[PDB]
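Colleague: structure for this input, please:
(4 chains, ligands or ions: 8)
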Amino acid sequence: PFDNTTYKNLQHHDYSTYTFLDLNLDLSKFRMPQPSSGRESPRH
Amino acid sequence: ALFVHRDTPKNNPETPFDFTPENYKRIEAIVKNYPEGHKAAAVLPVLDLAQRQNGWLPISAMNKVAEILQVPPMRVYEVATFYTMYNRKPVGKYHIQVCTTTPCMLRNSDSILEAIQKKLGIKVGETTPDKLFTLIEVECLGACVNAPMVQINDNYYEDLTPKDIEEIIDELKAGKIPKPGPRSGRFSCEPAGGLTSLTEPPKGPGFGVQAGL
Amino acid sequence: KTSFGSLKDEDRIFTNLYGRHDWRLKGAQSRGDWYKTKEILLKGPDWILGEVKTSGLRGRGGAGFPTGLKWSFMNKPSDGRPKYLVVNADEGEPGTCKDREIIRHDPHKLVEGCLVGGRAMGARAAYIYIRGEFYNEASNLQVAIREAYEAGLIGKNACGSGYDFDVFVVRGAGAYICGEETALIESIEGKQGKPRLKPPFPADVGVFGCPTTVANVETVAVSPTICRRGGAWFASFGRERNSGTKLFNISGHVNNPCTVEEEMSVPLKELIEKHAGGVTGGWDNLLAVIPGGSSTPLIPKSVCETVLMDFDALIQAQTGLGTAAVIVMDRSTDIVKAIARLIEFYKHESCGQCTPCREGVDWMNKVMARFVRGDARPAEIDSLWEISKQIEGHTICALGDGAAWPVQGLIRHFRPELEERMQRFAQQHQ
Amino acid sequence: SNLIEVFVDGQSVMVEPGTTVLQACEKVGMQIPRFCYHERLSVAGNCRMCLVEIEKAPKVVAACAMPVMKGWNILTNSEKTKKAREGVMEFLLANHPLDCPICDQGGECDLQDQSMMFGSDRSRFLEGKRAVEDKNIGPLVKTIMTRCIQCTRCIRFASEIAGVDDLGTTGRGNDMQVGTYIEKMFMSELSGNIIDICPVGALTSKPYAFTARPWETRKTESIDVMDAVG
Ligand SMILES: NC(=O)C1=CN([C@@H]2O[C@H](COP(=O)(O)OP(=O)(O)OC[C@H]3O[C@@H](n4cnc5c(N)ncnc54)[C@H](O)[C@@H]3O)[C@@H](O)[C@H]2O)C=CC1
Ligand SMILES: Cc1cc2nc3c(=O)[nH]c(=O)nc-3n(C[C@H](O)[C@H](O)[C@H](O)COP(=O)(O)O)c2cc1C
Ligand code: SF4
Ligand code: SF4
Ligand code: SF4
Ligand code: FES
Ligand code: FES
Ligand SMILES: [K+]
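Modeller: Numbers count the residues shown, from 1 in each chain, chains lettered A, B, ... in the order given. Ligands and ions are numbered 1, 2, ... in the order given. Below is the structure in question.
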């Protein structure tokens, strides 16, 4: 049934204060290896 | 609004602060999100993470963030003083921010302001005696078609009248969580006099794809 | 074609703008998103750049630079450093809320636009700098990014094309000056959000010293639709150098403030009368309209009758299009109070690096407060004008121009109102 | 040879690639006024005094940071260059305190000298000035931050030469203060040299304070014997 009268963005009522960081931590296992500049720090 | 720090027993470098181990794992993920050799970028999220440990920043999270990322503490002080979303003073549990820019001023956000001030018995920048509310005045928060609007913690309460913000305050005092949405009939951004556009159902895939693709 | 406006629902790119349909992967996939992306990735960067420079799409951030050329200086062979595409999702400008709805309701469109753009310039990864206050939108974008990562659309072997691409979400910390592209680049790197000096342009030295292209959400989310439907389809709307569709946020003293997409060269009166439901108290109750938020100068009712809302017809009308954010003030508004509030906003959002803005915006705030109180003389007014002429063009970033323009517009259009206010103060208190 | 041709006030001169406008004008012989620029520090460009005009171009460019290209004619004495200088220095002197008689920098102040040279002759500022809270950084450098113009030679000297990384800017806007944010002493080998490279009287020498005046002191060129550097 095509419903054009209900707001479908209802998930954001359930978000806590640690939702974004936990989502990043769960996503971090799918990421590429980061390129390196050849040094630990610019002050190194 | 003082940008210099004086050492107090409440806010001293020997104030106890340390991240939880789950926050250590989150900090490690934040650091791994950035290129090697540029760990200092992780100053921006992790310090905010420290705020989510306390709700405010004493000068012990700044030194800890500087220590775990090999940056001088003055850079962390610069980051914490440049941005306005980092609380360097102990704010209440429910931090209320009222937008009073011109697209919100035209729709009478000052009415919301005096209603909140009359209800809570406090002024702008003043904390409640029971440390439950803290009312300040901020700039535009990017929901100007839903004017007037306020932000409580990380939630947006938009298109309010004085009655709705009174109801929101009484619901916050009771311990319940109100729904972060507009208090009028509309949901997100549609006109109140019915949907003027986007009434047609979506076409779906394969529509308008040019040849040779 | 000469008559523009009244855009049909078939040609609107931003379906599910109002959020009535599903915002997740399955809801977006049944609307046209993520369809034949691997064909575009295999056709490659030259074809994508040609298809986005054939459409005549300009920068929807507010400067109107051509998107094809701006994405074309970055296309160059590598010198050992990676390439990056960064999406400006700040919208600290008052009146503008379109990209908030784009991110919250159509995040997969933004991710597909990031993938197509990063294929166009050979970018290694994508950085999305969302606003600090937009926690729920950031979480929605992260959920959509994880859903696209799970299906193999991005990450390892993106969309079955052999190309490597990533997406990162970096939350802000509540700064308007971080919306500037060089200040955004500096704020990604963990420093204070202070803009750099061009040259070097970000196409040569950008984030972490790597080649970088900073693009708005609105001009990124429409790139797959341009590359799929065709450049001529996007160029069939509006005037020449005014092609495409634009999102307008109409607010202020209107009956129904709303965000609506429209043809790029729609008349202002038709847009206000049709979508916003009309000005409060009728059309004859109009006093002033700000076409593109606090950066662009205001225009009175005499010009708003026969004006077109594109780039050329607004630069010719001694103002700018900006972000296409309509702020409407009727006869029951104090214009001087509104401009004073705008200058107070500009002095509360100013990085303070370079001298002319750091001193002159505070000077303009004090002078405008005295104007609102009326404790001033007419001979100061032109002096205030000269203050703006000492700020515009002498600053690092364009916040100085964006602060000098409203004062110049208000003075040039309502000098008699200011003079009446100060002479009333003089004849009353003295 | 990779030397390219540029013009300063119509006079042709050879420059190396990567040369700034300021260095080319110095090679011709013109000294463009500057506040934040230093030949031994990194280019910051946050004072906008060096705004010089390139002909056939509708904008002034920062001569301390703009790299020259071929065919450029630099107008160091045109009308809009002087207008930009006067506006920038009017903004600079809008919030400066009236501390000249009680200042150790008086008589050798860069701000006074280029105010007489390139500045205007009167002030249109009819508002209230700011007042920055003072700081303590040791018994060597006397700090009066009401007179600082936020030139950021402090930060660049302490970050690139002294290597302390303990000086910075806290704030955003007209209330941005150059300091240390805590009661920290700026003790270093070269901690006095900031007094040399402060264009205003914000950082003065505490032992020398309130003792003499630069116009009545005889200068004798001599050699240090304190160490073996000479
Ligand atoms: N969307 C928003 O939230 C806001 C928008 N604005 C609008 O944005 C504009 C000001 O922004 P700017 O970025 O300073 O405008 P514009 O001067 O800089 O330049 C636009 C883009 O073109 C690039 N560009 C220009 N010349 C180039 C060249 N020769 N080579 C390579 N790249 C080049 C710049 O790097 C930049 O990314 C104004 O129109 C203002 O109204 C202002 C405030 C907020
Ligand atoms: C003070 C200031 C704030 C800005 N804020 C934004 C912003 O929030 N969002 C945006 O897309 N562009 C903003 N811009 C414009 C950017 O400089 C630039 O146009 C944008 O990052 C990309 O524009 P484009 O669409 O032409 O690629 C701002 C510019 C200035 C001077
Ligand atoms: S114009 Fe203002 S906000 Fe922009 S760089 Fe200069 S001081 Fe910073
Ligand atoms: S620093 Fe210069 S301009 Fe300022 S009070 Fe001292 S002598 Fe006067
Ligand atoms: S104290 Fe002097 S040297 Fe330091 S930033 Fe201020 S003006 Fe520059
Ligand atoms: S003006 Fe209040 S949300 Fe933008
Ligand atoms: S000397 Fe060039 S901007 Fe200061
Ligand atoms: K000095």
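
Colleague: who are the contact partners of the most centrally placed residue in chain C?
Modeller: Centroid check for chain C by C-alpha atoms, centre = their mean gives residue C:61 as the closest residue, at 3.3 Å. Applying C-beta atoms under 8 Å, 6 or more residues apart in numbering or on different chains to residue C:61 gives the contacts C:88, C:215, C:216, C:218, C:219, C:323. All C-beta spots, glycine's among them, are computed from the backbone N, C-alpha and C.

Colleague: rerun that using 10 Å as the cut-off
Modeller: By C-beta atoms under 10 Å, 6 or more residues apart in numbering or on different chains, the residues touching residue C:61 are C:88, C:90-91, C:93, C:99, C:179, C:181, C:214-219, C:322-323.

Colleague: so what does it look like in phi/psi?
Modeller: As for residue C:61, its main-chain torsions (degrees, to the nearest 10) stand at phi -70, psi -40.

Colleague: count of neighbours near the closest residue to chain D within the stretch 151-300 of chain C?
Modeller: At 5.4 Å from chain D, residue C:197 is the closest residue in the stretch 151-300 of chain C, using C-beta to the nearest C-beta. Using other C-beta atoms under 10 Å in any protein chain shown, the number of residues around residue C:197 comes to 18.

Colleague: ok, residue B:2 - contacts?
Modeller: Residues in contact with residue B:2 (C-beta under 10 Å, 6+ apart) are B:88, B:89, D:133, D:170, D:171, D:175, D:177.

Colleague: close enough to count as contact, the residue of the stretch 151-300 of chain C closest to chain D and residue D:50?
Modeller: No: counting by C-beta atoms under 10 Å, residue C:197 stays clear of residue D:50, with 11.9 Å between them.

Colleague: okay, and the common contacts of these two?
Modeller: Counting by C-beta under 10 Å, 6+ apart, the contacts common to residue C:197 and residue D:50 are D:61, D:62, D:64, D:65, D:66.

Colleague: quick one: contacts for the spatially most central residue of chain B?
Modeller: Nearest residue to the geometric centre of chain B (C-alpha atoms, centre = their mean): residue B:154, 4.7 Å. By C-beta under 10 Å, 6+ apart, the residues touching residue B:154 are A:12, A:15-17, A:19-20, B:52, B:95, B:180, C:132-136, C:138-139.

Colleague: and if we set it to 7 Å?
Modeller: With contacts taken as C-beta atoms under 7 Å, 6 or more residues apart in numbering or on different chains, residue B:154 has the following neighbours: A:17, C:135.

Colleague: likewise the one 3 residues further on?
Modeller: Applying C-beta under 7 Å, 6+ apart to residue B:157 gives the contacts B:149, B:150, B:168, B:178, B:180.

Colleague: and the contacts of residue B:2, which of them are buried?
Modeller: With burial judged by 16 or more other C-beta atoms under 10 Å in any protein chain shown, the buried subset of those is B:88, D:170, D:171, D:177.

Colleague: just confirm residue C:148 is within a strand.
Modeller: No: counting by DSSP: H, G, I helix; E, B strand; the rest coil, residue C:148 falls outside a strand, being helix.

Colleague: so who does it touch?
Modeller: Residues near residue C:148 by C-beta under 7 Å, 6+ apart: C:25, C:108, C:111, C:154.

Colleague: show me what the longest helix along chain D is packed up against.
Modeller: Looking across chain D with DSSP state H, the single longest helix is helix D:79-92. The contact analysis (3 or more C-beta pairs under 7 Å, 6 or more residues apart in numbering or on different chains; DSSP states H and E) places helix D:79-92 against helix C:355-373, strand D:51-54, strand D:60-62.

Colleague: so the first helix or strand past that helix going along the chain versus helix D:79-92, what angle?
Modeller: Next in sequence after helix D:79-92, counting helices and strands by DSSP states H and E, comes helix D:110-117. Angle between the axes of helix D:110-117 and helix D:79-92 is 140 degrees (criterion: axes from the mean of the first three to the mean of the last three C-alpha atoms, to 10 degrees).

Colleague: close to ligand 4, is helix D:110-117?
Modeller: Yes: contact of helix D:110-117 with ligand 4 is found when judged by C-beta under 6 Å from any ligand atom, involving D:111, D:112.
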